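The structure appears right after this line, and notes come after that.
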There are 4 protein chains.
Amino acid sequence: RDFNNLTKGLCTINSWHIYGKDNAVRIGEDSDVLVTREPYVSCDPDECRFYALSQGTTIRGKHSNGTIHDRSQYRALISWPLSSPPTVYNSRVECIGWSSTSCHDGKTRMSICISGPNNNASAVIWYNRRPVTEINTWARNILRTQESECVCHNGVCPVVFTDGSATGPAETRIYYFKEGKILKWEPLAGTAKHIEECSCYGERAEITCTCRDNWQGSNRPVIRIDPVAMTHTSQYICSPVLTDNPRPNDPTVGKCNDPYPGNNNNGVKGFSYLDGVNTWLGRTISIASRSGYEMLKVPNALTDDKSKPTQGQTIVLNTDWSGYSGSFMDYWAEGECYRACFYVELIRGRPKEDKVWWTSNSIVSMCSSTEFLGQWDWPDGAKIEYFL
Amino acid sequence: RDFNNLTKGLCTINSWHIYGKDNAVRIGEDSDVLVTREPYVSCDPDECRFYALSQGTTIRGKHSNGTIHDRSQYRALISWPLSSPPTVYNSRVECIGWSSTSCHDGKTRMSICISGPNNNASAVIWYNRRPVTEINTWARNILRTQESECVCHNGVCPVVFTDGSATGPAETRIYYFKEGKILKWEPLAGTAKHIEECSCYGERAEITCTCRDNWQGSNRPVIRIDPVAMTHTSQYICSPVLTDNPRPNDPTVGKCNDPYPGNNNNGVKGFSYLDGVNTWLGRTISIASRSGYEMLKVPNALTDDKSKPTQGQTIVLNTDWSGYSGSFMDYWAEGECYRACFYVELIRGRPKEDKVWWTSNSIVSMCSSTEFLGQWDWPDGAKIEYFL
Amino acid sequence: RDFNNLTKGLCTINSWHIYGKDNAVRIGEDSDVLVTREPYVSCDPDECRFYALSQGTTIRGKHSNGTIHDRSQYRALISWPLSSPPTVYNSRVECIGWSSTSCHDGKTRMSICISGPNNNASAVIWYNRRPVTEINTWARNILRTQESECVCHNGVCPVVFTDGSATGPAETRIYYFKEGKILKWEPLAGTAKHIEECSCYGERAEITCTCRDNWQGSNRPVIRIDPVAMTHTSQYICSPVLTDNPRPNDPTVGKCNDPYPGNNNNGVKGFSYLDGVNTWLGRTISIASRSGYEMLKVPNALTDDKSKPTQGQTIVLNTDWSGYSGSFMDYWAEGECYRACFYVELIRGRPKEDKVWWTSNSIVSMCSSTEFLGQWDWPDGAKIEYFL
Amino acid sequence: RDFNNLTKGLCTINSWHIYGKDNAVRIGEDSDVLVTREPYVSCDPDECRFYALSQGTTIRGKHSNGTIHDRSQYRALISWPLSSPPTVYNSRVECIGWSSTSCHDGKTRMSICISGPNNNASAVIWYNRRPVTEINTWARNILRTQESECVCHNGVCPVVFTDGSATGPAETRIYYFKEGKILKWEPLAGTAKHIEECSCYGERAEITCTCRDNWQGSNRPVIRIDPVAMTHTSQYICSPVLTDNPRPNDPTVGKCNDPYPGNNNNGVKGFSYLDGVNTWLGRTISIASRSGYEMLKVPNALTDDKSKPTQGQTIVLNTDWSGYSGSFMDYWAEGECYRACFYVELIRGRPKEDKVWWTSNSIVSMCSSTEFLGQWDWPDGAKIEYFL
Ligand SMILES: *[C@@H]1O[C@H](CO)[C@@H](O[C@@H]2O[C@H](CO)[C@@H](O[C@@H]3O[C@H](CO[C@H]4O[C@H](CO)[C@@H](O)[C@H](O)[C@@H]4O)[C@@H](O)[C@H](O[C@H]4O[C@H](CO)[C@@H](O)[C@H](O)[C@@H]4O[C@H]4O[C@H](CO)[C@@H](O)[C@H](O)[C@@H]4O[C@H]4O[C@H](CO)[C@@H](O)[C@H](O)[C@@H]4O)[C@@H]3O)[C@H](O)[C@H]2NC(C)=O)[C@H](O)[C@H]1NC(C)=O
Ligand SMILES: *[C@@H]1O[C@H](CO)[C@@H](O[C@@H]2O[C@H](CO)[C@@H](O[C@@H]3O[C@H](CO[C@H]4O[C@H](CO)[C@@H](O)[C@H](O)[C@@H]4O)[C@@H](O)[C@H](O[C@H]4O[C@H](CO)[C@@H](O)[C@H](O)[C@@H]4O[C@H]4O[C@H](CO)[C@@H](O)[C@H](O)[C@@H]4O[C@H]4O[C@H](CO)[C@@H](O)[C@H](O)[C@@H]4O)[C@@H]3O)[C@H](O)[C@H]2NC(C)=O)[C@H](O)[C@H]1NC(C)=O
Ligand SMILES: *[C@@H]1O[C@H](CO)[C@@H](O[C@@H]2O[C@H](CO)[C@@H](O[C@@H]3O[C@H](CO[C@H]4O[C@H](CO)[C@@H](O)[C@H](O)[C@@H]4O)[C@@H](O)[C@H](O[C@H]4O[C@H](CO)[C@@H](O)[C@H](O)[C@@H]4O[C@H]4O[C@H](CO)[C@@H](O)[C@H](O)[C@@H]4O[C@H]4O[C@H](CO)[C@@H](O)[C@H](O)[C@@H]4O)[C@@H]3O)[C@H](O)[C@H]2NC(C)=O)[C@H](O)[C@H]1NC(C)=O
Ligand SMILES: *[C@@H]1O[C@H](CO)[C@@H](O[C@@H]2O[C@H](CO)[C@@H](O[C@@H]3O[C@H](CO[C@H]4O[C@H](CO)[C@@H](O)[C@H](O)[C@@H]4O)[C@@H](O)[C@H](O[C@H]4O[C@H](CO)[C@@H](O)[C@H](O)[C@@H]4O[C@H]4O[C@H](CO)[C@@H](O)[C@H](O)[C@@H]4O[C@H]4O[C@H](CO)[C@@H](O)[C@H](O)[C@@H]4O)[C@@H]3O)[C@H](O)[C@H]2NC(C)=O)[C@H](O)[C@H]1NC(C)=O
Ligand SMILES: *[C@@H]1O[C@H](CO)[C@@H](O[C@@H]2O[C@H](CO)[C@@H](O)[C@H](O)[C@H]2NC(C)=O)[C@H](O)[C@H]1NC(C)=O
Ligand SMILES: *[C@@H]1O[C@H](CO)[C@@H](O[C@@H]2O[C@H](CO)[C@@H](O)[C@H](O)[C@H]2NC(C)=O)[C@H](O)[C@H]1NC(C)=O
Ligand SMILES: CC(=O)N[C@H]1[C@H]([C@H](O)[C@H](O)CN)OC(C(=O)O)=C[C@@H]1O
Ligand SMILES: CC(=O)N[C@H]1[C@H]([C@H](O)[C@H](O)CN)OC(C(=O)O)=C[C@@H]1O
Ligand SMILES: CC(=O)N[C@H]1[C@H]([C@H](O)[C@H](O)CN)OC(C(=O)O)=C[C@@H]1O
Ligand SMILES: CC(=O)N[C@H]1[C@H]([C@H](O)[C@H](O)CN)OC(C(=O)O)=C[C@@H]1O
Ligand SMILES: *[C@@H]1O[C@H](CO)[C@@H](O)[C@H](O)[C@H]1NC(C)=O
Ligand SMILES: [Ca+2]
Ligand SMILES: [Ca+2]
Ligand SMILES: [Ca+2]
Ligand SMILES: [Ca+2]
Ligand SMILES: [Ca+2]
């Protein structure tokens with residue numbers, strides 16, 4: 001109807017309740033479930049759906065062999081009903097490509113897919129399910145974007161892209177789209193030194209993105225965007241509670257304007273909700289691999305370089321595989337505040353489970369509760385041996 | 001449009017006509033049908049659908065091994081088109097969890113799913129397909145609810161929950177929700193001594209629930225709710241025609257305010273329509289197991305401790321497996337009265353049929369007729385041997 | 001919107017064009033297609049769909065063994081998109097039972113399914129997808145109905161039922177329903193001596209049904225109904241071009257008011273369009289079995305006992321299996337006349353092809369053209385050997 | 001709402017961006033994907049879908065054996081969601097037949113399917129999903145049409161048909177339909193000597209069709225239609241850049257009004273966008289077989305007999321199989337110009353890959369960009385060996 005405006009603040013997060021879970025790998029053992037990875041969740045004014053990058057083959061299909069690879073001509077951004085698995089028969093293709101983002105502006109949806117060879121990729125921006133704008137690679141080195149939803153404010157939907165090295169300085173740009181057209185773009189500014197896969201959310205006319213510094217940081221870079229002025233700033237989460245992976249053990253003091261050292265050229269897409277005392281960080285339990293997942297309440301994590309946890313909640317046990325994680329919220333829910341939500345990608349198969357030739361995942365998603373709810377762990381649930 | 005009000009009385013039940021049957025286990029022998037249990041039926045103003053707790057795997061899938069277990073992280077409340085089987089491709093997830101209830105208030109639907117470990121479960125109340133309220137376990141011992149539809153009156157939808165022992169006194173609460181928010185809750189009152197899995201229906205601004213006294217009763221406890229005053233009473237069906245299972249043989253006089261003895265710590269979800277002479281009780285034919293199913297007209301069963309049958313109808317032969325049963329009605333049908341309906345869960349597999357490693361069910365459902373219709377029996381129809 | 005009225009006459013039939021074909025058995029060899037039989041086609045104001053009695057199992061499923069049987073608790077009337085096959089995932093259950101009819105009155109649809117044991121069957125009449133009326137068996141000997149669409153005029157939808165012997169006089173009734181309620185019913189009148197499976201159509205406020213005299217007639221009985229006066233007449237098609245099956249060879253003079261002799265206690269559901277010179281009869285090519293299918297223009301067939309063909313069109317070769325056939329028309333099409341249509345059930349499996357343990361069918365459907373179109377034959381197309 | 005009018009001109013084509021890709025053969029290796037061929041794409045005012053001629057069997061199905069054949073009673077025009085594969089469960093049958101065309105006029109869709117034996121075929125024209133007009137074969141030698149979308153202007157939708165020899169002069173007709181009824185038809189005029197499978201598009205009240213001269217031409221015949229005057233002209237693309245297949249090597253001067261010689265009695269459906277300097281031609285890279293695919297910017301190709309490429313883009317490598325290609329545009333997109341689009345049919349199986357007994361394809365589709373985008377190649381992606 002009218003463009004949505006980020007007029008509410010976040011609800012108080014006292015715990016996390018189960019929101020969605022598709023048990024895709026369990027079900028796909030004996031049904032036509034597509035192989036995927038890089039999932040996320042995004043809402044329309046009347047529905048919330050699961051999203052992911054399909055690999056263009058079912059898990060039991062022979063073409064599942066080799067799906068550990070990230071970029072192929074057989075990938076596409078698909079969406080499907082909440083908590084259902086991504087099947088051949090219920091998956092709606094939003095666009096073709098191996099890197100994506102998508103968000104609804106209140107009137108209709110914008111989806112972006114990047115495709116092409118490493119030195120000649122291009123982004124196609126779709127709006128109202130039609131292609132509207134295209135952007136060619138500017139650094140000719142894997143043009144790539146969020147892998148989770150973007151956020152809109154009065155028609156303006158900022159999106160973070162990176163083109164260039166994954167192990168040195170790269171060329172990150174913040175594009176401001178409206179109805180799929182480019183209003184403006186700016187090069188990354190601030191103190192974040194490397195940006196990849198931003199996880200964003202909005203509240204009170206401000207959009208916050210927690211990203212991945214693949215080059216040197218084990219703390220996460222943060223980009224805060226003003227969608228009206230179409231400007232931004234960047235820094236790192238100050239807190240010593242490190243949230244990338246792999247990462248060194250937690251120190252007692254973090255870094256606010258530089259990558260916290262110890263691990264180079266690697267990382268995992270992640271997220272956080274930075275809202276004063278109502279601050280919660282997500283991270284893998286393991287400092288070595290994408291194992292387990294927990295939420296930690298770390299008051300003022302963004303600005304306090306000595307901030308430590310005051311509460312927490314385990315989402316996935318350290319004895320279970322996790323993966324990417326990102327933020328989304330139902331901006332069209334009732335009430336006076338936006339309920340923070342996130343999803344965790346539960347990766348199965350290669351490289352951790354190499355008895356199978358494929359790599360896929362299932363999804364688990366939670367939203368915040370003002371109650372202090374009891375906790376459960378939520379594993380993918382499949383038995384690899386069944387696939388042998 | 002407007003909240004539905006229970007303005008009609010029940011139609012006269014002179015017999016039962018076939019309403020729906022999904023033949024899920026038969027069909028699922030060679031199609032992607034989800035393993036389920038704890039099914040029910042519930043209507044929206046423009047459609048009636050089947051509901052159940054999925055086990056997050058197909059019947060032929062290898063992950064079907066172990067589905068005799070009731071609570072796992074892979075369960076979810078799903079709904080699907082009337083008389084179709086619950087397939088991977090047509091099942092809509094309403095929420096995640098291992099205990100549920102759901103009902104439409106005339107404007108939109110409220111669904112409730114409980115999840116978590118035994119000592120830390122929580123209920124999430126969804127309204128208009130969005131999470132609205134959460135309730136943490138109060139007795140830290142398997143927070144659980146109806147496993148069949150709730151009933152609404154002018155926006156108020158009462159729901160019965162139990163937390164605590166299944167073999168001694170527990171903490172049952174009646175919650176009064178409106179638009180997914182809690183208006184009030186009260187602890188169970190009256191003479192019912194233990195409450196589990198209430199089966200409810202409404203007529204003339206009163207909601208009647210027939211439940212399961214797992215601890216000591218072979219007669220069924222009854223909770224009658226006033227959704228306007230938001231108050232209730234409880235007692236037992238007085239009739240000597242005992243309807244739980246397992247149960248002792250029928251005596252000549254029942255008990256009105258105490259559990260009828262003979263069988264402890266066990267039972268099955270069941271239901272009844274208590275409307276003076278127009279009273280009909282459902283029960284398994286077997287007093288020992290979930291075998292067979294019959295409807296018995298027992299005038300004034302609720303208040304007459306010597307009431308015996310005056311008419312009956314066999315639904316499932318004693319040589320066929322039955323299971324849970326519950327009430328629902330299409331509150332949005334035409335006419336001057338509400339047509340009583342019920343479903344019977346036809347459980348197949350473990351523990352009765354242990355040649356297979358799974359446990360699932362199909363559904364059969366009937367509604368009342370003012371005619372005196374001929375009767376047929378309605379078995380699940382599948383051949384276990386085909387699954388070997 | 002408003003009830004449809006049969007205000008148009010039939011279009012001139014100069015030939016038949018292909019309308020729909022689902023290739024169900026071919027496709028079902030490797031997909032989840034339900035076993036069916038007794039199919040038909042019926043239109044809603046905005047869509048035309050295929051209908052049939054499912055057997056509650058897929059063709060490749062092990063439960064397909066035994067589907068030669070006509071009445072079981074696993075059957076149901078299902079409908080699905082035009083020319084798609086009846087799959088587990090796209091079939092919508094209209095009601096439960098082993099004999100049916102269905103028709104749209106312009107506002108909504110009425111569907112009728114009969115179920116139960118041979119001596120205690122009952123019909124449930126659904127309207128607007130809700131059960132409204134029930135009728136108990138009156139002769140306690142396989143209450144049965146059309147197996148093809150009924151026809152409505154200003155809300156009144158007549159339906160022909162038969163209860164009683166299939167090899168002697170039976171009790172046939174014409175019920176006049178409106179909004180699923182019984183307005184009136186009358187016992188069969190006229191000279192038709194036995195009635196089963198009527199195939200009907202309407203034009204100019206008159207409904208014509210061509211049925212099956214199972215007891216003695218090889219010519220087909222005809223019931224003409226006035227839906228306003230709610231009265232009818234019956235006779236036989238006078239023409240010597242005999243259209244039931246099995247049947248004796250064609251004579252030079254038929255019978256107008258009595259069954260044409262030669263074959264007893266057997267037959268096949270069939271149809272015709274009786275409109276003066278614009279008269280076309282359908283029939284199997286074989287006089288011995290349900291083999292082949294042809295349309296013959298037989299001017300004044302209904303009233304001329306010496307009428308012979310003046311034109312024809314082969315639909316299915318005598319070297320291919322056919323089966324039931326019936327009439328339907330899209331009463332909501334544009335133009336000044338109703339275009340006559342029909343379907344032919346292409347039965348595969350038992351008893352003619354007993355190397356497989358199942359019995360199913362596919363559907364082929366045609367409508368009339370005012371052009372004189374070239375002809376093709378339309379076989380089921382499946383290879384039984386593939387199923388071995 | 002109102003009939004669409006071709007009021008815009010083509011957007012400037014500076015490159016081609018990926019639009020859709022269904023990876024049908026890859027996915028169908030382990031899911032119920034229908035065997036097809038002769039695909040295309042066509043838009044409705046609110047959705048764009050993939051179209052193709054099904055073979056009435058899945059790829060893994062045993063009935064896939066023999067699908068190299070073009071005309072059978074088991075074929076049908078089906079459509080399905082953009083970039084999804086054509087599955088048994090998501091494919092909507094538009095009509096029955098082995099040659100087709102389809103287009104939306106702004107209000108509703110017209111679909112045409114031709115069926116029958118070679119000497120007695122007939123076309124049935126459907127409008128608003130109902131059969132409206134039928135046309136009998138006029139030359140009794142494989143009545144055939146476009147195999148890609150038609151184009152409408154103010155309700156008038158011209159369609160090119162050919163009946164007669166494929167290796168000598170034939171009888172081509174241009175039919176002008178409106179609401180599925182024939183307004184007028186004319187015999188082919190101009191200098192094109194043989195016409196088959198026209199690929200059309202519209203801009204500024206003119207419809208341009210690039211077809212296939214199967215008899216003698218390696219250059220492509222072009223028919224330009226005035227849908228208001230309902231008249232046309234025909235010629236050949238003058239350019240020496242030859243675009244049919246097989247074909248001789250490119251000369252330095254082409255032919256404007258006669259077939260360019262060198263290859264007889266063969267060809268492939270193809271297309272082009274003829275718009276002055278904004279002219280782009282599609283063609284297989286191989287001059288011998290349906291291998292590879294490229295787009296070439298050939299300014300004034302239609303009228304300049306010496307025109308050579310000034311820019312290009314590879315779509316499919318010469319080491320990958322291609323096939324048919326055709327034009328379509330989303331006439332209902334926003335903006336001031338129509339964005340040129342095309343699809344390429346990626347044929348797999350027989351005759352090029354005869355280790356399998358079937359012939360099918362997948363689809364890849366692109367639209368133009370005003371940017372100069374980097375290029376990628378888009379193969380079908382399946383491994384034939386997996387099917388052995
Ligand atoms: C029923 O359900 C309820 C609701 O969930 C359950 O109650 C919950 O219980 C949780 C577990 O006990 C609890 O979560 C913990 O909260 C701690 C914060 O609370 C405590 O501190 C504050 C502040 O002084 C007090 O006010 C408060 O009262 C508590 O005492 C967190 O500190 C916990 O997280 C830390 O521990 C877990 C291991 O359990 C780690 O995985 C996590 O990463 C944290 O520890 C690491 O990081 C810190 C920060 O840098 C380091 O100091 C520390 O050494 C650890 O570092 C190592 O490990 C990390 C990760 O592997 C690695 O990166 C690093 O390098 C080091 O190797 C935890 O979050 C909930 O808050 C609580 N909720 C409520 C409402 O009560 C209840 O138990 C359930 N009931 C039953 C019967 O089960
Ligand atoms: C065509 O269709 C029609 C329509 O369905 C068919 O007609 C129906 O026929 C039914 C079966 O005959 C009939 O159902 C029975 O009705 C009895 C009530 O009617 C009779 O009593 C009244 C009152 O005096 C009379 O007015 C009336 O005229 C009749 O005489 C019920 O009593 C029957 O239920 C009892 O029997 C069945 C076994 O058949 C048990 O399964 C059931 O539980 C009841 O019996 C148990 O319970 C009582 C109550 O405590 C005990 O007293 C008794 O000993 C039994 O207890 C044992 O078993 C239970 C269960 O296992 C166990 O818990 C306990 O411990 C003990 O071990 C039955 O309901 C329909 O009413 C009738 N309908 C109509 C409209 O006529 C017709 O036959 C069909 N035609 C054909 C040709 O098939
Ligand atoms: C391109 O397509 C066009 C369009 O379809 C093709 O043209 C069509 O060709 C058809 C076949 O030739 C033709 O159909 C036949 O029409 C006959 C009627 O036309 C003739 O008679 C009239 C009247 O005098 C003339 O005006 C007219 O010009 C013709 O001469 C029918 O009589 C035909 O049906 C009879 O024959 C077929 C066998 O071919 C039987 O299957 C059928 O049942 C009819 O014969 C039986 O029944 C009669 C009636 O009782 C008996 O008299 C007779 O002995 C047969 O009885 C035996 O068989 C039956 C069935 O098994 C059994 O029950 C009984 O006991 C006996 O054993 C036939 O319908 C179309 O009308 C014609 N259409 C047009 C517009 O022209 C064209 O050929 C195609 N082109 C190519 C190149 O292929
Ligand atoms: C990142 O992406 C960008 C964007 O895609 C990439 O840049 C693109 O690069 C393309 C390949 O280099 C280029 O495409 C070529 O363009 C040529 C036209 O440009 C040139 O000429 C003009 C005019 O003088 C100049 O202005 C311009 O600057 C260039 O110099 C075309 O001529 C090319 O097509 C010809 O070559 C290809 C083989 O590469 C053939 O397949 C094709 O059919 C053409 O050649 C045949 O046909 C002609 C015409 O008759 C004959 O003269 C010739 O001998 C060939 O004939 C044989 O082969 C055919 C086919 O098999 C057969 O039928 C015949 O009988 C003969 O056997 C080609 O289209 C893009 O334009 C360019 N785009 C842009 C915006 O720059 C960039 O490289 C990528 N970056 C990286 C790092 O990869
Ligand atoms: C979001 O905020 C903008 C204010 O900028 C609102 O957009 C005014 O809205 C009315 C109705 O659409 C128009 O008459 C104005 O011209 C609108 N736009 C602007 C840019 O001034 C918008 O309505 C708000 N969204 C919601 C849901 O209230
Ligand atoms: C079919 O015929 C009946 C005439 O009997 C029409 O029903 C009059 O229609 C208007 C609008 O619905 C009302 O004000 C009258 O009272 C209607 N009914 C009767 C029974 O008199 C009906 O509209 C016709 N159907 C169509 C499509 O025109
Ligand atoms: C466009 C692309 O390839 N994205 C990939 C991303 C990228 O490699 C990383 O951001 C370092 N540059 O890494 C991962 C990953 O599981 O780690 C998966 C993504 O598919
Ligand atoms: C929440 C839960 O576990 N419910 C289970 C219920 C419960 O055990 C009983 O109410 C006794 N407490 O029993 C049964 C059962 O088939 O008997 C199945 C339910 O899944
Ligand atoms: C209700 C019922 O059984 N109908 C059956 C019908 C019936 O036997 C016949 O009308 C003679 N009475 O016959 C046939 C048949 O293929 O011949 C199939 C139907 O399923
Ligand atoms: C109606 C029909 O058969 N069309 C066929 C067409 C035709 O043979 C050609 O136009 C020469 N006449 O050829 C091809 C082909 O792959 O080459 C496929 C089409 O199915
Ligand atoms: C089918 O059922 C019959 C009868 O029970 C049995 O003899 C036969 O072996 C069965 N065949 C299969 C393939 O199940
Ligand atoms: Ca399968
Ligand atoms: Ca890092
Ligand atoms: Ca009990
Ligand atoms: Ca007969
Ligand atoms: Ca040629």
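Ordered as shown in the structure tokens, chains take letters A, B, and onward, while each chain numbers its residues from 1 and ligands are numbered from 1 in the order shown.
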Taking only C-alpha atoms and all ligand atoms into account, report as a PyMOL selection string which residues have an atom no farther than 7 Å from an atom of ligand 11. chain C and resi 62+65-66+357
Please produce, as JSON lines, a per-residue contact table for chain D versus chain B (criterion: any atom at most 12 Å away, only C-alpha atoms considered), showing the nearest atom pair and its distance in Å to one decimal, sorted by chain then residue number.
```
{"residue": "D:31", "atom": "CA", "partner": "B:32", "partner_atom": "CA", "distance": 11.8}
{"residue": "D:32", "atom": "CA", "partner": "B:31", "partner_atom": "CA", "distance": 11.8}
{"residue": "D:89", "atom": "CA", "partner": "B:89", "partner_atom": "CA", "distance": 9.7}
{"residue": "D:90", "atom": "CA", "partner": "B:89", "partner_atom": "CA", "distance": 11.1}
```
task: Can you pull out every residue within 6 Å of residue B:175, counting only C-alpha atoms, but drop anything in the same chain fewer than 6 positions away, and send it as JSON, numbers by chain?
output: {"B": [158, 159, 185]}
C:38, C:342, C:43, C:116 ranked by distance to ligand 2, top pick (using only C-alpha atoms and all ligand atoms):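 Ranked by minimum distance to ligand 2, first place goes to C:116.
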Show me, as a ChimeraX atom specification, the residues that have an atom within 9 Å of residue D:192 when counting only C-alpha atoms, minus same-chain residues fewer than 2 positions from it.
/D:188-190,194-195,213,220-223,233-236,257-259
Go through chain B residue by residue and, counting only C-alpha atoms and all ligand atoms, keep those with an atom at most 10 Å from ligand 1; for each kept residue give the shortest atom pair and its distance in Å to one decimal, ordered by chain and increasing number, as JSON lines.
```
{"residue": "B:116", "atom": "CA", "partner": "ligand 1", "partner_atom_place_in_ligand_line": "2 (O)", "distance": 9.2}
{"residue": "B:117", "atom": "CA", "partner": "ligand 1", "partner_atom_place_in_ligand_line": "83 (O)", "distance": 8.4}
{"residue": "B:118", "atom": "CA", "partner": "ligand 1", "partner_atom_place_in_ligand_line": "82 (C)", "distance": 9.4}
{"residue": "B:119", "atom": "CA", "partner": "ligand 1", "partner_atom_place_in_ligand_line": "82 (C)", "distance": 6.2}
{"residue": "B:120", "atom": "CA", "partner": "ligand 1", "partner_atom_place_in_ligand_line": "1 (C)", "distance": 4.9}
{"residue": "B:121", "atom": "CA", "partner": "ligand 1", "partner_atom_place_in_ligand_line": "1 (C)", "distance": 8.2}
{"residue": "B:122", "atom": "CA", "partner": "ligand 1", "partner_atom_place_in_ligand_line": "2 (O)", "distance": 9.7}
{"residue": "B:136", "atom": "CA", "partner": "ligand 1", "partner_atom_place_in_ligand_line": "2 (O)", "distance": 9.3}
{"residue": "B:137", "atom": "CA", "partner": "ligand 1", "partner_atom_place_in_ligand_line": "1 (C)", "distance": 9.3}
{"residue": "B:140", "atom": "CA", "partner": "ligand 1", "partner_atom_place_in_ligand_line": "82 (C)", "distance": 8.2}
```
Residues of stretch 33-223 of chain A in strand (DSSP E or B), written as a PyMOL selection string: chain A and resi 33-44+47-58+76-81+87+92-96+99-104+109-115+122-127+130-136+144+153+156-164+170-178+181-187+196-203+206-212+221-223
Surrounding residues as an NGL selection string, ligand 5, max 9 Å, only C-alpha atoms and all ligand atoms: :A and (1-7 or 106 or 153-155)
Could the residues in this selection be written to a file with C-alpha atoms, as a CSV table (one decimal), in the first residue's frame?
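Result written to part.csv:
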```csv
chain,number,residue,atom,x,y,z
A,1,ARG,CA,0.0,0.0,0.0
A,2,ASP,CA,2.4,2.7,1.3
A,3,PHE,CA,6.1,2.3,1.8
A,4,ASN,CA,7.0,1.0,5.2
A,5,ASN,CA,8.8,3.3,7.6
A,6,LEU,CA,11.1,2.1,10.4
A,7,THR,CA,9.1,3.9,13.1
A,106,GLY,CA,5.9,-2.2,1.9
A,153,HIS,CA,12.6,2.9,4.8
A,154,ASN,CA,10.1,5.1,2.8
A,155,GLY,CA,11.0,3.2,-0.4
```
- Task: Please measure the separation of atom CA of residue D:244 and atom 16 (O, counted along the ligand's line) of ligand 4, giving the value in Å to one decimal.
- Result: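 So the two atoms, atom CA of residue D:244 and atom 16 (O, counted along the ligand's line) of ligand 4, lie 19.4 Å apart.
Between atom CA of residue C:49 and atom CA of residue C:365 the separation is 11.3 Å.
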inquiry  = Env of residue A:156: 10 Å cut, atoms = only C-alpha atoms, seq-sep filter 3 positions within chain, self excluded. Answer as a ChimeraX atom specification.
reply    = /A:3-5,105,151-153,159,175-183,227-228,230
ask   = Please, what distance in Å, to one decimal, runs between atom CA of residue C:60 and atom CA of residue D:34?
value =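 Atom CA of residue D:34 lies 17.4 Å from atom CA of residue C:60.
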Taking 4 positions as the minimum chain separation for residues in the same chain, which residues sit within 12 Å of residue C:330 when counting only C-alpha atoms? Answer as a ChimeraX atom specification. /C:4,6,8,10,19,41-49,103-106,149,151,201-203,334-335,337-342,366-368 /D:129-132
For residue D:67, work out the shell of residues within 9 Å, counting only C-alpha atoms and skipping chain neighbours fewer than 2 positions away, then give it as a ChimeraX atom specification. /D:35-36,55,63-65,69-70,350,357-360
Subject >> Shortest interatomic distance to residue D:275 - which of D:288, D:347, D:315, D:207, counting only C-alpha atoms >> reply: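 Checking each candidate against residue D:275, we get D:207 as the closest.
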